[PDB]
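Data first, discussion second: the structure below is written as C-alpha coordinates.
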(Lines of atoms letter the chains of each structure in order from A; the text may use other names.)
(Lines give C-alpha, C1' and ligand atoms only; values in the text may rest on other atoms or scores of the structure.)
Protein backbone atom coordinates (compact mmCIF):
# COMPACT_ATOMS: atom_id res chain seq x y z
CA UNK A 8 0.00 0.00 0.00
CA UNK A 9 0.98 3.66 -0.30
CA UNK A 10 1.25 3.89 3.51
CA UNK A 11 0.55 7.62 3.28
CA UNK A 12 -1.96 7.66 6.15
CA UNK A 13 0.51 6.00 8.53
CA UNK A 14 2.56 9.22 8.54
CA UNK A 15 -0.21 11.66 9.48
CA UNK A 16 -1.57 9.17 12.03
CA UNK A 17 1.84 8.64 13.66
CA UNK A 18 1.90 12.24 14.89
CA UNK A 19 -1.63 12.14 16.29
CA UNK A 20 -0.71 9.33 18.70
CA UNK A 21 2.05 11.54 20.13
CA UNK A 22 -0.34 14.49 20.56
CA UNK A 23 -2.90 12.57 22.63
CA UNK A 24 -0.29 11.90 25.33
CA UNK A 25 0.51 15.62 25.60
CA UNK A 26 -3.00 16.97 24.96
CA UNK A 27 -4.09 15.75 28.40
CA UNK A 28 -1.16 17.52 30.10
CA UNK A 29 -2.11 20.97 28.75
CA UNK A 30 -3.75 23.00 31.51
CA UNK A 31 -3.31 24.11 35.13
CA UNK A 32 -4.71 20.96 36.77
CA UNK A 33 -3.87 18.56 33.94
CA UNK A 34 -2.97 14.98 34.77
CA UNK A 35 0.16 13.23 33.49
CA UNK A 36 1.19 9.74 32.39
CA UNK A 37 4.21 7.54 33.11
CA UNK A 38 5.68 5.53 30.22
CA UNK A 39 8.59 4.11 32.18
CA UNK A 40 11.05 1.91 30.28
CA UNK A 41 12.02 -1.65 31.25
CA UNK A 42 14.43 -0.36 33.92
CA UNK A 43 12.14 0.55 36.82
CA UNK A 44 12.91 4.20 37.56
CA UNK A 45 9.53 5.84 38.24
CA UNK A 46 9.09 9.58 37.70
CA UNK A 47 6.32 12.02 36.76
CA UNK A 48 6.51 15.62 35.55
CA UNK A 49 3.95 18.12 34.24
CA UNK A 50 5.98 19.23 31.24
CA UNK A 51 5.75 18.39 27.55
CA UNK A 52 9.50 18.59 26.94
CA UNK A 53 10.47 16.10 29.66
CA UNK A 54 8.40 13.29 28.13
CA UNK A 55 9.51 13.77 24.51
CA UNK A 56 13.19 13.42 25.45
CA UNK A 57 12.39 10.10 27.17
CA UNK A 58 9.54 8.89 24.95
CA UNK A 59 10.60 6.41 22.28
CA UNK A 60 9.52 6.42 18.63
CA UNK A 61 9.04 3.40 16.36
CA UNK A 62 8.77 5.04 12.92
CA UNK A 63 11.58 7.18 11.43
CA UNK A 64 9.16 9.91 10.28
CA UNK A 65 8.31 10.78 13.91
CA UNK A 66 11.52 12.71 14.63
CA UNK A 67 11.31 16.00 12.71
CA UNK A 68 8.49 17.11 15.02
CA UNK A 69 10.69 16.55 18.08
CA UNK A 70 13.70 18.39 16.66
CA UNK A 71 11.69 21.50 15.77
CA UNK A 72 10.04 21.37 19.20
CA UNK A 73 13.42 21.76 20.94
CA UNK A 74 14.06 25.00 19.03
CA UNK A 75 11.44 26.95 20.99
CA UNK A 76 12.55 25.36 24.27
CA UNK A 77 15.84 27.30 24.11
CA UNK A 78 14.12 30.63 23.37
CA UNK A 79 10.91 30.96 25.40
CA UNK A 80 10.64 27.55 27.03
CA UNK A 81 6.89 27.52 27.65
CA UNK A 82 4.42 27.16 24.79
CA UNK A 83 5.81 24.08 23.05
CA UNK A 84 2.80 21.92 23.93
CA UNK A 85 0.40 24.39 22.29
CA UNK A 86 2.18 23.86 18.95
CA UNK A 87 2.22 20.05 18.88
CA UNK A 88 -1.36 19.70 20.13
CA UNK A 89 -2.73 22.06 17.46
CA UNK A 90 -0.67 20.52 14.64
CA UNK A 91 -2.44 17.19 15.15
CA UNK A 92 -5.78 18.83 14.37
CA UNK A 93 -4.61 19.95 10.92
CA UNK A 94 -3.72 16.33 10.13
CA UNK A 95 -7.14 15.09 11.25
CA UNK A 96 -8.97 17.68 9.14
CA UNK A 97 -6.67 16.86 6.22
CA UNK A 98 -8.16 13.35 6.07
CA UNK A 99 -11.55 14.85 5.21
CA UNK A 100 -9.97 16.89 2.41
CA UNK A 101 -8.34 13.87 0.76
CA UNK A 102 -11.78 12.25 0.53
CA UNK A 103 -12.93 15.08 -1.76
CA UNK A 104 -10.02 14.43 -4.17
CA UNK A 105 -7.86 17.30 -2.90
CA UNK A 106 -4.10 17.20 -3.42
CA UNK A 107 -1.90 18.01 -0.40
CA UNK A 108 -0.36 20.91 -2.34
CA UNK A 109 -3.66 22.79 -2.18
CA UNK A 110 -3.77 22.27 1.60
CA UNK A 111 -0.20 23.48 2.15
CA UNK A 112 -0.90 26.71 0.25
CA UNK A 113 -3.74 27.52 2.65
CA UNK A 114 -1.66 27.21 5.82
CA UNK A 115 1.15 29.40 4.46
CA UNK A 116 -1.35 32.09 3.43
CA UNK A 117 -3.33 31.84 6.67
CA UNK A 118 -0.21 31.81 8.86
CA UNK A 119 1.17 35.02 7.36
CA UNK A 120 -2.26 36.67 7.52
CA UNK A 121 -2.43 36.08 11.29
CA UNK A 122 0.84 38.00 11.80
CA UNK A 123 -0.54 41.49 11.15
CA UNK A 124 -3.62 40.66 13.25
CA UNK A 125 -1.70 40.01 16.48
CA UNK A 126 0.30 43.22 16.05
CA UNK A 127 -2.89 45.32 16.14
CA UNK A 128 -4.47 43.52 19.10
CA UNK A 129 -1.34 43.88 21.25
CA UNK A 130 -1.34 46.91 23.54
CA UNK A 131 1.50 49.10 24.82
CA UNK A 132 3.01 49.05 28.31
CA UNK A 133 5.76 50.84 30.19
CA UNK A 134 9.34 49.72 30.73
CA UNK A 135 9.25 50.38 34.50
CA UNK A 136 5.63 50.01 35.70
CA UNK A 137 6.16 47.23 38.24
CA UNK A 138 2.39 46.73 38.45
CA UNK A 139 2.47 45.35 34.90
CA UNK A 140 5.35 42.96 35.61
CA UNK A 141 3.53 41.39 38.58
CA UNK A 142 0.53 39.96 36.71
CA UNK A 143 2.66 38.50 33.90
CA UNK A 144 4.66 36.53 36.47
CA UNK A 145 1.88 34.82 38.43
CA UNK A 146 0.09 33.94 35.17
CA UNK A 147 2.79 31.33 34.48
CA UNK A 148 3.71 30.35 38.05
CA UNK A 149 0.18 29.48 39.20
CA UNK A 150 -0.16 27.08 36.26
CA UNK A 151 2.84 25.03 37.41
CA UNK A 152 1.53 24.45 40.94
CA UNK A 153 2.73 26.86 43.61
CA UNK A 154 -0.25 28.15 45.62
CA UNK A 155 1.80 28.85 48.74
CA UNK A 156 4.51 31.49 48.20
CA UNK A 157 3.53 33.18 44.94
CA UNK A 158 2.68 36.71 46.13
CA UNK A 159 6.35 37.11 47.16
CA UNK A 160 8.22 34.99 44.60
CA UNK A 161 7.11 37.29 41.77
CA UNK A 162 8.67 40.31 43.51
CA UNK A 163 12.04 38.55 43.80
CA UNK A 164 12.18 37.87 40.04
CA UNK A 165 10.94 41.21 38.69
CA UNK A 166 13.55 43.02 40.80
CA UNK A 167 16.40 40.82 39.54
CA UNK A 168 15.75 41.16 35.80
CA UNK A 169 15.20 44.91 36.18
CA UNK A 170 18.64 45.45 37.75
CA UNK A 171 20.55 43.69 34.93
CA UNK A 172 19.15 46.02 32.26
CA UNK A 173 22.07 47.15 30.11
CA UNK A 174 22.19 50.48 28.28
CA UNK A 175 20.81 48.94 25.06
CA UNK A 176 17.69 47.72 26.88
CA UNK A 177 18.42 43.99 27.00
CA UNK A 178 18.44 41.22 29.60
CA UNK A 179 20.56 38.08 29.88
CA UNK A 180 19.55 34.77 31.45
CA UNK A 181 23.05 33.43 32.15
CA UNK A 182 23.97 36.16 34.66
CA UNK A 183 21.18 34.88 36.96
CA UNK A 184 22.41 31.81 38.85
CA UNK A 185 20.29 29.37 40.86
CA UNK A 186 21.22 27.22 43.85
CA UNK A 187 19.18 24.36 45.31
CA UNK A 188 19.37 23.47 49.01
CA UNK A 189 16.77 22.01 51.37
CA UNK A 190 15.95 24.20 54.35
CA UNK A 191 13.08 25.45 56.50
CA UNK A 192 10.48 26.12 53.79
CA UNK A 193 9.94 27.97 50.51
CA UNK A 194 9.39 31.36 52.20
CA UNK A 195 13.17 31.63 52.70
CA UNK A 196 13.57 33.00 49.15
CA UNK A 197 15.37 36.34 49.28
CA UNK A 198 17.10 38.53 46.72
CA UNK A 199 20.89 38.87 46.85
CA UNK A 200 23.16 41.29 45.00
CA UNK A 201 26.29 39.12 44.96
CA UNK A 202 26.89 35.43 44.34
CA UNK A 203 26.91 32.59 46.86
CA UNK A 204 29.52 29.84 47.28
CA UNK A 205 28.11 26.75 49.00
CA UNK A 206 31.26 26.16 51.05
CA UNK A 207 32.43 26.51 54.64
CA UNK A 208 35.69 28.03 55.85
CA UNK A 209 38.26 25.78 57.51
CA UNK A 210 38.80 28.20 60.40
CA UNK A 211 36.45 30.43 62.39
CA UNK A 212 39.29 32.92 63.03
CA UNK A 213 38.79 34.78 59.74
CA UNK A 214 37.54 38.39 59.61
CA UNK A 215 33.78 38.61 60.07
CA UNK A 216 33.49 41.55 57.66
CA UNK A 217 36.03 43.11 55.29
CA UNK A 218 35.59 46.09 52.97
CA UNK A 219 37.28 46.35 49.56
CA UNK A 220 38.51 42.76 49.34
CA UNK A 221 40.72 41.96 46.34
CA UNK A 222 40.00 38.50 44.92
CA UNK A 223 43.04 36.31 44.18
CA UNK A 224 42.07 33.71 41.58
CA UNK A 225 44.08 30.54 42.21
CA UNK A 226 44.44 27.60 39.82
CA UNK A 227 46.93 25.28 41.55
CA UNK A 228 46.40 22.46 44.02
CA UNK A 229 47.62 23.64 47.43
CA UNK A 230 49.51 20.41 48.16
CA UNK A 231 53.06 19.08 48.23
CA UNK A 232 54.85 19.43 44.89
CA UNK A 233 56.43 16.39 43.23
CA UNK A 234 58.51 16.02 40.08
CA UNK A 235 56.60 14.80 37.04
CA UNK A 236 59.26 12.16 36.37
CA UNK A 237 59.34 8.82 38.19
CA UNK A 238 61.69 9.61 41.07
CA UNK A 239 60.58 9.31 44.70
CA UNK A 240 62.31 10.70 47.80
CA UNK A 241 63.49 8.16 50.38
CA UNK A 242 63.71 9.41 53.97
CA UNK A 243 65.91 7.70 56.55
CA UNK A 244 67.87 10.07 58.78
CA UNK A 245 65.80 11.87 61.45
CA UNK A 246 67.31 15.16 60.20
CA UNK A 247 66.50 14.99 56.47
CA UNK A 248 62.75 14.69 57.16
CA UNK A 249 62.39 18.44 57.89
CA UNK A 250 63.72 19.69 54.55
CA UNK A 251 62.04 18.12 51.51
CA UNK A 252 58.69 18.67 53.25
CA UNK A 253 59.56 22.01 54.91
CA UNK A 254 61.19 23.76 51.95
CA UNK A 255 58.03 23.18 49.91
CA UNK A 256 56.00 24.91 52.64
CA UNK A 257 58.35 27.91 52.63
CA UNK A 258 57.43 28.48 48.98
CA UNK A 259 53.84 29.08 50.11
CA UNK A 260 54.92 31.98 52.33
CA UNK A 261 57.00 33.39 49.47
CA UNK A 262 54.00 32.95 47.17
CA UNK A 263 51.58 34.49 49.68
CA UNK A 264 54.09 37.33 50.13
CA UNK A 265 53.73 38.37 46.49
CA UNK A 266 49.96 37.91 46.71
CA UNK A 267 49.74 39.77 50.03
CA UNK A 268 52.00 42.61 48.88
CA UNK A 269 49.66 43.12 45.90
CA UNK A 270 46.77 44.00 48.22
CA UNK A 271 45.03 40.63 48.30
CA UNK A 272 42.38 39.70 50.87
CA UNK A 273 40.70 36.39 49.89
CA UNK A 274 41.36 33.40 47.64
CA UNK A 275 39.51 30.57 45.90
CA UNK A 276 41.22 27.30 44.97
CA UNK A 277 39.81 25.17 42.16
CA UNK A 278 40.99 21.93 43.82
CA UNK A 279 41.31 20.69 47.39
CA UNK A 280 43.86 21.70 50.00
CA UNK A 281 46.26 19.59 52.04
CA UNK A 282 45.28 18.86 55.63
CA UNK A 283 48.53 20.32 56.97
CA UNK A 284 48.17 23.48 54.88
CA UNK A 285 44.95 24.36 56.74
CA UNK A 286 46.94 25.03 59.93
CA UNK A 287 49.19 27.81 58.59
CA UNK A 288 46.38 29.71 56.86
CA UNK A 289 44.42 29.63 60.14
CA UNK A 290 47.07 30.63 62.70
CA UNK A 291 48.35 33.37 60.38
CA UNK A 292 44.91 34.54 59.24
CA UNK A 293 44.41 33.79 55.54
CA UNK A 294 41.01 33.42 53.86
CA UNK A 295 40.83 30.69 51.23
CA UNK A 296 38.28 28.11 50.07
CA UNK A 297 38.75 24.59 48.72
CA UNK A 298 37.36 22.89 45.61
CA UNK A 299 35.72 25.47 43.33
CA UNK A 300 34.26 23.86 40.21
CA UNK A 301 34.77 25.48 36.82
CA UNK A 302 31.11 26.53 36.76
CA UNK A 303 31.88 28.91 39.65
CA UNK A 304 35.36 30.14 38.67
CA UNK A 305 33.83 31.71 35.56
CA UNK A 306 31.01 33.72 37.14
CA UNK A 307 33.26 34.74 40.05
CA UNK A 308 35.97 36.01 37.67
CA UNK A 309 34.06 38.12 35.13
CA UNK A 310 31.71 39.47 37.82
CA UNK A 311 34.43 40.65 40.21
CA UNK A 312 36.66 41.65 37.28
CA UNK A 313 39.28 38.98 37.97
CA UNK A 314 40.90 37.15 35.05
CA UNK A 315 42.01 33.55 34.64
CA UNK A 316 45.63 33.07 35.72
CA UNK A 317 47.71 29.95 35.07
CA UNK A 318 51.05 31.03 36.58
CA UNK A 319 50.76 31.99 40.25
CA UNK A 320 54.33 33.29 40.61
CA UNK A 321 53.34 36.63 39.07
CA UNK A 322 49.86 37.51 40.34
CA UNK A 323 50.08 41.28 39.93
CA UNK A 324 47.46 43.71 41.23
CA UNK A 325 45.99 44.33 37.77
CA UNK A 326 45.00 40.65 37.60
CA UNK A 327 43.20 40.60 40.96
CA UNK A 328 39.43 41.03 41.21
CA UNK A 329 37.34 43.47 43.20
CA UNK A 330 34.45 43.25 45.66
CA UNK A 331 32.64 45.26 48.31
CA UNK A 332 32.05 42.83 51.17
CA UNK A 333 33.02 39.24 51.95
CA UNK A 334 30.90 37.99 54.85
CA UNK A 335 30.23 34.36 55.80
CA UNK A 336 27.29 33.72 58.14
CA UNK A 337 25.62 30.49 59.26
CA UNK A 338 21.95 29.68 58.62
CA UNK A 339 20.02 26.41 58.95
CA UNK A 340 23.18 24.79 60.29
CA UNK A 341 25.52 25.03 57.31
CA UNK A 342 27.17 28.28 56.23
CA UNK A 343 27.79 30.02 52.92
CA UNK A 344 30.26 32.62 51.64
CA UNK A 345 29.04 35.93 50.21
CA UNK A 346 30.78 37.88 47.43
CA UNK A 347 28.97 41.18 46.83
CA UNK A 348 30.14 44.26 44.91
CA UNK A 349 28.08 47.38 45.60
CA UNK A 350 30.29 49.46 43.29
CA UNK A 351 28.81 47.76 40.21
CA UNK A 352 26.70 44.60 40.70
CA UNK A 353 26.90 43.08 37.22
CA UNK A 354 25.29 39.81 38.36
CA UNK A 355 22.66 38.51 40.78
CA UNK A 356 21.82 35.24 42.53
CA UNK A 357 18.50 33.99 43.91
CA UNK A 358 18.60 31.22 46.52
CA UNK A 359 15.67 28.81 46.86
CA UNK A 360 14.91 26.50 49.79
CA UNK A 361 12.42 23.72 50.41
CA UNK A 362 11.38 20.87 52.66
CA UNK A 363 11.71 17.99 50.17
CA UNK A 364 14.13 17.48 47.28
CA UNK A 365 11.18 17.25 44.88
CA UNK A 366 9.94 20.74 45.82
CA UNK A 367 13.27 22.52 45.30
CA UNK A 368 13.60 20.80 41.90
CA UNK A 369 10.20 21.79 40.48
CA UNK A 370 10.49 25.40 41.64
CA UNK A 371 14.02 25.53 40.20
CA UNK A 372 12.67 24.82 36.70
CA UNK A 373 10.16 27.70 36.84
CA UNK A 374 12.58 30.46 37.86
CA UNK A 375 14.55 30.04 34.61
CA UNK A 376 11.39 30.33 32.48
CA UNK A 377 9.86 33.22 34.43
CA UNK A 378 12.90 35.41 33.71
CA UNK A 379 12.63 34.64 29.98
CA UNK A 380 8.93 35.24 29.44
CA UNK A 381 9.25 38.66 31.11
CA UNK A 382 12.57 39.54 29.46
CA UNK A 383 11.05 39.67 25.98
CA UNK A 384 8.34 42.07 27.18
CA UNK A 385 10.83 44.53 28.70
CA UNK A 386 12.73 44.62 25.40
CA UNK A 387 9.64 44.82 23.16
CA UNK A 388 6.99 46.30 25.44
CA UNK A 389 3.96 44.52 23.97
CA UNK A 390 1.62 41.96 25.53
CA UNK A 391 -1.67 40.29 24.58
CA UNK A 392 -4.34 38.90 26.89
CA UNK A 393 -4.02 35.12 26.81
CA UNK A 394 -6.10 32.59 28.71
CA UNK A 395 -7.35 30.84 25.59
CA UNK A 396 -8.75 34.12 24.22
CA UNK A 397 -6.25 34.99 21.48
CA UNK A 398 -7.22 32.03 19.28
CA UNK A 399 -10.93 32.70 19.79
CA UNK A 400 -10.58 36.17 18.26
CA UNK A 401 -8.83 34.78 15.17
CA UNK A 402 -11.63 32.25 14.58
CA UNK A 403 -14.10 35.15 14.11
CA UNK A 404 -12.28 37.54 11.76
CA UNK A 405 -10.41 35.00 9.62
CA UNK A 406 -13.75 33.50 8.58
CA UNK A 407 -14.67 36.77 6.85
CA UNK A 408 -11.37 36.84 4.94
CA UNK A 409 -12.03 33.36 3.51
CA UNK A 410 -14.89 34.80 1.44
CA UNK A 411 -12.40 36.90 -0.52
CA UNK A 412 -10.41 33.91 -1.78
CA UNK A 413 -12.30 31.94 -4.43
CA UNK A 414 -11.80 28.52 -5.98
CA UNK A 415 -10.72 25.35 -4.22
CA UNK A 416 -8.41 27.27 -1.87
CA UNK A 417 -11.03 28.59 0.57
CA UNK A 418 -11.57 25.04 1.88
CA UNK A 419 -8.04 24.89 3.31
CA UNK A 420 -8.28 28.44 4.68
CA UNK A 421 -11.41 27.66 6.69
CA UNK A 422 -9.94 24.34 7.86
CA UNK A 423 -7.17 26.24 9.67
CA UNK A 424 -9.66 28.59 11.35
CA UNK A 425 -11.96 25.94 12.85
CA UNK A 426 -8.91 24.00 14.09
CA UNK A 427 -7.83 26.68 16.60
CA UNK A 428 -10.86 26.23 18.89
CA UNK A 429 -9.40 22.97 20.24
CA UNK A 430 -7.17 24.74 22.79
CA UNK A 431 -10.04 26.09 24.96
CA UNK A 432 -11.87 22.77 24.51
CA UNK A 433 -9.19 20.86 26.43
CA UNK A 434 -9.36 23.39 29.27
CA UNK A 435 -13.12 22.78 29.50
CA UNK A 436 -12.94 19.00 29.92
CA UNK A 437 -10.11 19.46 32.44
CA UNK A 438 -12.38 21.53 34.70
CA UNK A 439 -15.28 19.08 34.44
CA UNK A 440 -17.66 21.22 32.36
CA UNK A 441 -19.25 20.68 28.97
CA UNK A 442 -17.45 22.20 25.98
CA UNK A 443 -19.94 22.28 23.09
CA UNK A 444 -22.34 24.31 25.25
CA UNK A 445 -19.96 26.91 26.70
CA UNK A 446 -18.54 27.56 23.22
CA UNK A 447 -21.89 29.12 22.29
CA UNK A 448 -21.62 31.76 25.04
CA UNK A 449 -17.97 32.72 24.52
CA UNK A 450 -18.82 33.87 20.99
CA UNK A 451 -21.48 36.25 22.37
CA UNK A 452 -18.78 38.39 24.00
CA UNK A 453 -16.99 38.73 20.63
CA UNK A 454 -20.13 39.52 18.62
CA UNK A 455 -19.03 42.88 17.19
CA UNK A 456 -18.24 45.85 19.46
CA UNK A 457 -17.65 43.64 22.50
CA UNK A 458 -14.57 43.39 24.67
CA UNK A 459 -11.50 41.50 23.44
CA UNK A 460 -10.40 40.12 26.84
CA UNK A 461 -13.15 37.56 27.51
CA UNK A 462 -11.91 34.09 28.41
CA UNK A 463 -12.69 30.98 30.41
CA UNK A 464 -11.75 30.80 34.10
CA UNK A 465 -11.00 27.32 35.43
CA UNK A 466 -11.47 28.62 38.99
CA UNK A 467 -14.89 30.28 38.88
CA UNK A 468 -16.03 28.55 35.69
CA UNK A 469 -17.68 31.56 34.01
CA UNK A 470 -16.69 34.10 31.38
CA UNK A 471 -14.99 37.13 32.93
CA UNK A 472 -12.47 39.85 32.05
CA UNK A 473 -9.08 38.16 31.68
CA UNK A 474 -7.33 41.55 31.74
CA UNK A 475 -8.34 42.52 35.29
CA UNK A 476 -7.74 39.04 36.73
CA UNK A 477 -4.11 38.91 35.60
CA UNK A 478 -4.08 36.52 32.64
CA UNK A 479 -1.75 37.92 29.98
CA UNK A 480 1.17 36.66 27.89
CA UNK A 481 3.59 38.22 25.38
CA UNK A 482 3.01 38.31 21.62
CA UNK A 483 5.92 35.99 20.75
CA UNK A 484 4.53 32.83 22.38
CA UNK A 485 1.56 32.87 19.98
CA UNK A 486 3.04 33.96 16.64
CA UNK A 487 5.96 31.57 17.18
CA UNK A 488 3.77 28.59 18.10
CA UNK A 489 1.38 29.16 15.18
CA UNK A 490 4.29 29.75 12.80
CA UNK A 491 6.03 26.60 14.03
CA UNK A 492 2.87 24.53 13.53
CA UNK A 493 2.56 25.57 9.88
CA UNK A 494 6.30 25.06 9.33
CA UNK A 495 6.03 21.52 10.73
CA UNK A 496 2.76 20.52 9.03
CA UNK A 497 4.39 20.67 5.59
CA UNK A 498 6.83 17.95 6.72
CA UNK A 499 3.91 15.48 6.62
CA UNK A 500 2.09 16.67 3.48
CA UNK A 501 5.11 17.21 1.20
CA UNK A 502 6.98 13.96 1.93
CA UNK A 503 6.12 10.99 -0.28
CA UNK A 504 9.26 9.25 -1.55
CA UNK A 505 10.08 6.61 1.08
CA UNK A 506 12.46 4.13 -0.54
CA UNK A 507 14.07 1.49 1.69
CA UNK A 508 17.70 2.53 1.29
CA UNK A 509 20.76 0.82 2.76
CA UNK A 510 23.93 2.51 4.04
CA UNK A 511 23.04 6.09 3.17
CA UNK A 512 25.44 7.83 5.59
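Numbering (the working numbering), first residue to last: 8 to 512.
Where a beta carbon is used, it is the ideal one built from N, C-alpha and C, also for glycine.
Kindly give me the distance between the Cβ atoms of residue i and residue j, rounded to whole angstroms, as I take these residues to be in contact under 8 Å.
i: residue 473; j: residue 396; result: 6 Å
i: residue 228; j: residue 270; result: Actually they are not in contact, since the Cβ atoms of residue 228 and residue 270 sit about 25 Å apart, beyond 8 Å.
i: residue 46; j: residue 202; result: At roughly 31 Å, the Cβ-Cβ gap does not stay under 8 Å, so residue 46 and residue 202 are not in contact.
i: residue 168; j: residue 381; result: 6 Å
i: residue 83; j: residue 76; result: 6 Å
i: residue 405; j: residue 424; result: 5 Å
i: residue 315; j: residue 308; result: 6 Å
i: residue 140; j: residue 171; result: 14 Å between Cβ atoms; not a contact.
Give me whichever residues DSSP pairs with residue i in a beta bridge.
i: residue 461; result: 472
i: residue 185; result: 357
i: residue 193; result: Note: residue 193 sits in no beta bridge, so no partner.
i: residue 202; result: 346
i: residue 218; result: 332
i: residue 275; result: 224, 296
i: residue 229; result: 280
Among residues of its own chain, excluding the 5 on either side of residue i, which ones have a beta-carbon nearer than 6 Å to its beta-carbon?
i: residue 232; result: 255
i: residue 69; result: 55
i: residue 349; result: 331
i: residue 204; result: 344
i: residue 251; result: 240
With DSSP as the reference, label residue i as helix, strand or coil.
i: residue 130; result: strand
i: residue 368; result: helix
i: residue 337; result: strand
i: residue 94; result: helix
i: residue 330; result: coil
i: residue 298; result: coil
i: residue 26; result: helix
i: residue 46; result: coil
i: residue 389; result: strand
i: residue 431; result: helix
i: residue 162; result: helix
i: residue 481; result: strand
i: residue 109; result: helix
i: residue 280; result: strand
i: residue 499; result: helix
i: residue 423; result: helix
i: residue 440; result: coil
i: residue 252; result: coil
i: residue 16; result: helix
i: residue 382; result: helix
i: residue 21; result: helix
Would you report the Cα separation of residue i and residue j, rounded to the nearest angstrom?
i: residue 243; j: residue 276; result: 34 Å
i: residue 44; j: residue 289; result: 46 Å
i: residue 124; j: residue 163; result: 34 Å
i: residue 379; j: residue 41; result: 36 Å
i: residue 446; j: residue 138; result: 32 Å
i: residue 500; j: residue 111; result: 7 Å
i: residue 514; j: residue 39; result: Nothing about residue 514 can be reported from this structure: the residues present for the chain run from 8 to 512 only.
i: residue 184; j: residue 355; result: 7 Å
i: residue 431; j: residue 122; result: 21 Å
i: residue 265; j: residue 327; result: 12 Å
i: residue 337; j: residue 399; result: 54 Å
i: residue 491; j: residue 273; result: 51 Å
i: residue 317; j: residue 17; result: 55 Å
i: residue 253; j: residue 362; result: 48 Å
i: residue 370; j: residue 427; result: 31 Å
i: residue 456; j: residue 127; result: 16 Å
i: residue 393; j: residue 199; result: 32 Å
i: residue 20; j: residue 485; result: 24 Å
i: residue 495; j: residue 322; result: 55 Å
i: residue 59; j: residue 263; result: 57 Å
i: residue 143; j: residue 414; result: 44 Å
i: residue 27; j: residue 376; result: 22 Å
i: residue 421; j: residue 88; result: 19 Å
i: residue 95; j: residue 488; result: 19 Å
i: residue 320; j: residue 281; result: 20 Å
i: residue 325; j: residue 310; result: 15 Å
Tell me which residues share the same chain as residue i and place their Cβ nearer than 7 Å to its Cβ, disregarding the 5 neighbours each side in the sequence.
i: residue 493; result: 114, 115, 118
i: residue 471; result: 464
i: residue 388; result: 131, 132, 134
i: residue 155; result: 193
i: residue 442; result: 432, 435, 436
i: residue 460; result: 392, 396, 472, 473, 474
i: residue 452; result: 458, 461, 470
Skipping 5 residues on each side, what residues in its chain have a beta carbon closer than 8 Å to that of residue i?
i: residue 285; result: 209, 210
i: residue 360; result: 188, 189, 190, 191, 192, 193, 195, 196, 339, 367
Would the beta-carbon of residue i be found less than 8 Å away from any heavy atom of the ligand FMN?
i: residue 335; result: For the structure depicted, the ligand FMN is absent and the ligand set is empty, with no information on it obtainable.
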